[PDB]
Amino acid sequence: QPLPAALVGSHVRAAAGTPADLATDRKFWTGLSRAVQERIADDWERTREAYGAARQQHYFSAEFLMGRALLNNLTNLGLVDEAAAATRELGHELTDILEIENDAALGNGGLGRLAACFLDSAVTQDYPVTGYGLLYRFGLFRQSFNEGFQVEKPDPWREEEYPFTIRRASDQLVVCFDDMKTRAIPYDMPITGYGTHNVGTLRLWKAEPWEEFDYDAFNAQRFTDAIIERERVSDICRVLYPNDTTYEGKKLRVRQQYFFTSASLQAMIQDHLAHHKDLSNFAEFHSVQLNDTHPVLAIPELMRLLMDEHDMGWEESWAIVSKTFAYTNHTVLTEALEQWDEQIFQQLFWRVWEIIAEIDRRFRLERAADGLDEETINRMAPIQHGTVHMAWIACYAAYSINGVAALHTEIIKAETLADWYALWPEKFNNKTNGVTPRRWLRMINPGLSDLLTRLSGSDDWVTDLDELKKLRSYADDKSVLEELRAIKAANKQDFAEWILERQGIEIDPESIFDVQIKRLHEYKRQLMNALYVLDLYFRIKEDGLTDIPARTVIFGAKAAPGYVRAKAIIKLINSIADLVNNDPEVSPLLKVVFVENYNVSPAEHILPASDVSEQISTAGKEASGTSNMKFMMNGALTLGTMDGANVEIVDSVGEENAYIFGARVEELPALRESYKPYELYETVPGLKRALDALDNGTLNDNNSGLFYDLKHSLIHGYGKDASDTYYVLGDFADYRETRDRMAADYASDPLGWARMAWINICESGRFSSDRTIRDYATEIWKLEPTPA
């Protein structure tokens, strides 16, 4: 029987050393998860054999924002009810058990969450795709709050038994740096799939020292000396995205990237020679996707392995490399385009450096023969001015270079990677981002899932979201609209319970849930959102505004540790919350909620209850926007600029089913040219009272002086050099106009609102990562569905 109490009890007893009913919630979670592993073990192996005989894809990424695994696995295996039954039968409540698990701290943001959605979409379609990354022990950082200020701490997640990562020490490899010999210990994480028996794999690497510690130093009682090398190796997997302002920090970033790409390629080669005679046909059977530039060292490293360990010539090796790697670009701008001092490579791995230098030497000669001028070659070369340009190695080696949305792909063709598109137009293509309908709809919004399943006649939509388009006809069915309003309300009722229990705040389950969950960045304009709230505070308390629906403004963000104004903005939001939440004359109509330590789990609780999706980055700064897509699938309406994902959302539902505003990306150069923010400060009604509220003592920054800095970052200067880089004051008037209008349509036309929401839901199939993966798989990787 599927997940009987007897089986679950057995695994729990083994973990707790006590009968299953007396076990702690922690030990029960461990037992239950072991039960799941037991049940898929067979399928997992069959999948391994199936994929092993097929052409494969290997997705390299410096991050995988996996979130929790238990509910997701139970859902995809269709065992939630049995688990519920088994657990209660053994004296526990499944809802409590699920809370035991911390989000796997293996990723940071969108880049990582995309890689995660891709893995789920791949197995759901039986595509032989294996993921490869680092087993970060403490994630990015855990966010807490002290007196309203963000505090960063380690983010452990696997300090306790974690059955969803299996250690394979007997399969360990060596990654030797010129100054450090390391063990690379492989871990296996199972990727389950709704509606299939296939179980994919996410391979995570953990660095361990050659020797546990320096016993001689220890025995001499030089205790710190004894563990320095141990902890320097441990630093490779300690945290994600370690700060790199110093040389040593930069060298660690490069260590991290070489570590998991070298280990991954070695294991891939191992596996290949266990299924094939030699490597000469490596590229027929393997492709590797480079998610951004983090994994680009894989390229010189595959050359090294092929030539140094399998006696292959340069020409044959490069031929394999140029047919193996594909490369995904994520932003419109150079900027973040990784660049490393060549000296780091020379010091960490001299042989790999020689290969990088040979790549650059050959590249220049090949270009000169192509007939290019020296100025163009110099600015394309992988090595220039003592610096190695990782994106140029990627563009040179990759057989495919893709953007992640129609507009973004065109910019990289025309600007960012213009010289590359000029030489090799054929490499460029587009692959629009998307999210997985499983975790972000079916798993988190059963209420909505039910209705979709009743209407459409099956749950085929779970793995083929386009099926929902068929339901746009009901947009006029009033009984259905009412059901959808009731689903949203039930979700909001749930959210209020969750937030009350989590942070002790009481909110109105009937108010509008206006949500902005995004990394804190000035170009994200959480600050603009904050202003609007502050102004609205004053329009209610001093201006007598009352003909408006109550609303709860929800925030979720981390700020980078050294990003001063980002942390100041988070502090500002917390102070504004304190002001409006404790003012009886305003709390009835406006409350602010800052969700602490925003991550996958919090997102799962927020999205289903969301009404308004704030996507207000400055036009031209967002290439994509996957959270935008998740909101759409859950019945939340988009309030945003004509940038990134909003473009495609509006394109699908129409201007009438969304709230777009602000300057367009083509208008801004002229606006910034003669920008007069200080005048807006003095002129735009309310704005002066709003911004002054930052340093007249209305708000409290606890003597930090942060609010006054923010204020003058917005009003100081003028023209293209104005301090308000992200046109916050410039768009505020149009932003407030639209946000106000949106809240109005909300109190006055409930059915009309529910209708727009339905249109969004039914058209959201366009943003499913299943379509994205199909496209990667058919156009770039050239894969076939491979059932186990």
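Heads up: residue numbers just count along the shown sequence, starting at 1.
- Item | Stretch with the greater mean C-alpha B-factor as recorded in the entry, comparing 31 to 39 against 730 to 738 | On average, C-alpha B-factors are higher across 730 to 738.
- Item | Selected stretch [higher average CA B-factor]: 290 to 298 or 416 to 424 | Taking the mean C-alpha B-factor of 290 to 298 and of 416 to 424, the larger value falls to 416 to 424.
- Task: Could you tell me which one of 651, 211, 126, 316 shows the highest CA temperature factor in the PDB record?
- Result: Reading the PDB entry, the winner on C-alpha B-factor is 651.
- Out of 284, 341, 701, 229, residue topping the C-alpha B-factor column of the entry: Comparing C-alpha B-factors across 284, 341, 701, 229, the top value belongs to 701.
- Message: Per the entry's values, where does residue 328 land by CA temperature factor relative to the rest of its chain, in the lowest, middle or highest third?
- Response: Tercile = lowest for this residue's CA B-factor.
- For residue 354, the third of its chain into which the C-alpha B factor falls: Lowest third of the chain for residue 354's C-alpha B-factor.
- If you rank every modelled residue in this chain by C-alpha B factor, which third holds residue 53: lowest, middle or highest? Residue 53: CA B-factor falls in the highest third of its chain.
- Task: Quick one: classify residue 668 as lowest, middle or highest third of the chain based on its Cα B-factor.
- Result: Highest third - that is where residue 668 ends up once the chain's C-alpha B-factors are sorted.
- Message: Split into thirds by Cα B-factor across the chain's modelled residues, where does residue 94 land: lowest, middle or highest?
- Response: Its C-alpha B-factor, which the entry lists for residue 94, ranks in the highest third among residues of this chain.
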